[PDB]
Amino acid sequence: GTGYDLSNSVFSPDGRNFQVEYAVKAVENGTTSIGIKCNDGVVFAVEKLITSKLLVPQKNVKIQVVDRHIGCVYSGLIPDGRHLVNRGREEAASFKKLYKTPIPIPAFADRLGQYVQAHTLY
Amino acid sequence: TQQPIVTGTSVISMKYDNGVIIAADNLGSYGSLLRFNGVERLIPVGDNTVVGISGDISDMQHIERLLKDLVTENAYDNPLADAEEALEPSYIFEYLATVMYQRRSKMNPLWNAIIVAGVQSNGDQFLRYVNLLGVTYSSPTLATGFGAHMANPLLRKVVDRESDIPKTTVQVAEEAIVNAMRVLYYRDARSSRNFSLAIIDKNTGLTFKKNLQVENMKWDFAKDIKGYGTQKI
């Protein structure tokens, strides 16, 4: 039969989760953003589209910081990205409160990974 | 429902023509044992505020963590974090005063007395007190604990009213603060000789002096005191 793509957590006959794959399509319809790791740091850059001259130049900042040492940029549905950063922030704070040291990047990654993956379970 | 364990004594401060000065010794007492000699009780927030805290040290350490968080969280999605939308002394104060009163209303206070000294973006000096009960007040001079009894009378001879602020220089103010700190080492059994002082000026900004020591003390007269009444030798 069909219908394996109307509800999130459902596995299709070939083991794919169609709703996640359609999410990816929303990502591919968005602005490009990149990241370049360097000899002692990282650089983030993003293309911001100028829908019209009415946009106040340099004000709709898109790149976001987490704690004081992490930068985050994303492509797709901007609001979803913000949502993701809000959680990252709560997650980074939680880590600092209990362990004193600011959140390691690999640990932060997984925090974001687990939350995102959680949204493919139901 | 608690009781303070490691404690910090006086925090004194006064406002002068172009800023405010605040000082506090570096001791953390455990009852009558002058246990820890390297405790910093003056907490700079950004470049325009210093929060001086007396009372329970574990609670001061908590307030420190809270202040560092306020700074992290204010930078978030704030392109003007190091400019127009930076934390003002009045914001830091109101926040703390809110926490203090909420904690007292839950019968679990942060056992402290705090003075927030700073300079607002338009140049106004800011000096305001808040304690474990959520009580707040402002005055040209403010001191907590023991210092309220001995430092205020001294600092007030310099700035007795609002009109006296514009007639007082940093030199004069710092001199008075430094003398009060000496008087407190003389008469407060829970004081330390080592202290920290911070000046927040509308032109020169934040100058934070660490490792100061009370000097120029008068103890020589003690040689001539013998007995407690009739003893002659």
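Values in this text are rule-based calculations from the coordinates and carry no lab data. So basically every Cβ, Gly included, is an ideal-geometry build from the backbone, and we count neighbours across all protein chains shown.
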Single residue of B:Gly28, B:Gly19 found to be touching a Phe, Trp or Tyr at 6+ places or on another chain (Cβ under 6 Å) and surrounded by 19 or more Cβ atoms within 10 Å (Cβ to Cβ) | B:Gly28
Note on the stretch A:46-62: residues loosely packed, with under 10 Cβ neighbours inside 10 Å, of a type in the set (A, V, I, L, M, F, W, C) and within 14 Å of chain B (Cβ to nearest Cβ) are A:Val56
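Going by the conditions given, is B:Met60 under 23 Å from B:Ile177 (Cβ atoms), without any contact (Cβ under 8 Å) to a residue 60 or more places away in the chain and more than 14 Å from chain A (Cβ to nearest Cβ)?
Numbers: under 23 Å from B:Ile177 (Cβ atoms): yes; without any contact (Cβ under 8 Å) to a residue 60 or more places away in the chain: yes; more than 14 Å from chain A (Cβ to nearest Cβ): yes.
So B:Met60 fits the description; yes.
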When A:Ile103 is run through (1) within 14 Å of another protein chain (Cβ to nearest Cβ); (2) among the hydrophobic types (A, V, I, L, M, F, W, C); (3) touching a strand residue (DSSP E or B) at 6+ places or on another chain (Cβ under 7 Å), the failure sits at (3)
Can you name the residue in the stretch A:1-48 that is part of a loop (DSSP other than H, G, I, E, B) and among the basic types (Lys, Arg) and, of all such residues, is nearest to A:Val116 (Cα to Cα)?
-> A:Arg16
Could you check how many residues of the stretch B:80-103 are within 14 Å of another protein chain (Cβ to nearest Cβ) and touching a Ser or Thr at 6+ places or on another chain (Cβ under 9 Å)?
-> 1
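Output yes when any residue across the stretch B:204-211 is basic (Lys, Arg), without any contact (Cβ under 8 Å) to a residue 24 or more places away in the chain and in a strand (DSSP E or B), and no when none is.
Kept after step one, since they are basic (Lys, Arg), are these residues of the stretch B:204-211: B:209-210.
With without any contact (Cβ under 8 Å) to a residue 24 or more places away in the chain added as a condition, the list becomes B:209.
Now restrict to residues that are in a strand (DSSP E or B): B:209.
There is at least one residue in the stretch B:204-211 that is basic (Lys, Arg), without any contact (Cβ under 8 Å) to a residue 24 or more places away in the chain and in a strand (DSSP E or B).
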Criterion (in contact with an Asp or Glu (Cβ under 8 Å, 6 or more places away or on another chain) and among the β-branched types (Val, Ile, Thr)) met by exactly one of A:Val27, A:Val61 | A:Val61
Give the residue that is surrounded by the most Cβ atoms within 10 Å (Cβ to Cβ), with candidates limited to residues of the stretch B:112-157 that are touching an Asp or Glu at 6+ places or on another chain (Cβ under 7 Å) and assigned to a loop (DSSP other than H, G, I, E, B).
-> B:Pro140
When the stretch A:75-90 is examined, which residues are found to be within 14 Å of chain B (Cβ to nearest Cβ) and either in a strand (DSSP E or B) or under 19 Å from A:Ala118 (Cα atoms) (or both)?
-> A:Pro79, A:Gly81, A:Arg82, A:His83, A:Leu84, A:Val85, A:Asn86, A:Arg87, A:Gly88, A:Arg89, A:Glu90
Test B:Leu34 against the criterion of being touching a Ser or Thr at 6+ places or on another chain (Cβ under 9 Å), more than 14 Å from every other protein chain (Cβ to nearest Cβ), more than 26 Å from B:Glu162 (Cβ to Cβ) and not charged (D, E, K, R), and give yes or no.
-> yes
Every pair of residues 6+ apart whose Cβ atoms lie under 9 Å, when the first sits in the stretch B:67-79 and is at negative phi and more than 9 Å from every other protein chain (Cβ to nearest Cβ) while the second is of a type in the set (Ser, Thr, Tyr) and assigned to a helix (DSSP H, G or I) = B:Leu67/B:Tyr95; B:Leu70/B:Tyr91; B:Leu70/B:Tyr95; B:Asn74/B:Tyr91
Of the conditions (1) without any contact (Cβ under 8 Å) to a residue 12 or more places away in the chain; (2) within 18 Å of the chain's Cα centre (by Cα); (3) in a helix (DSSP H, G or I), the single one that B:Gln171 does not satisfy is (2)
All-but-one check, B:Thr1 against (1) closer than 19 Å to B:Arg103 by Cβ; (2) hydroxyl-bearing (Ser, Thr, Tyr); (3) within 14 Å of the chain's Cα centre (by Cα), failing number (3)
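Within the group A:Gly81, A:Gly1, which residue is free of Cβ contacts under 8 Å to residues at least 40 places away in the same chain and surrounded by 14 or more Cβ atoms within 10 Å (Cβ to Cβ)? Before you say what the answer is, go through the steps one by one.
Numbers: A:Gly1 fails: surrounded by 14 or more Cβ atoms within 10 Å (Cβ to Cβ).
Result of the check over A:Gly81, A:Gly1: A:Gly81.
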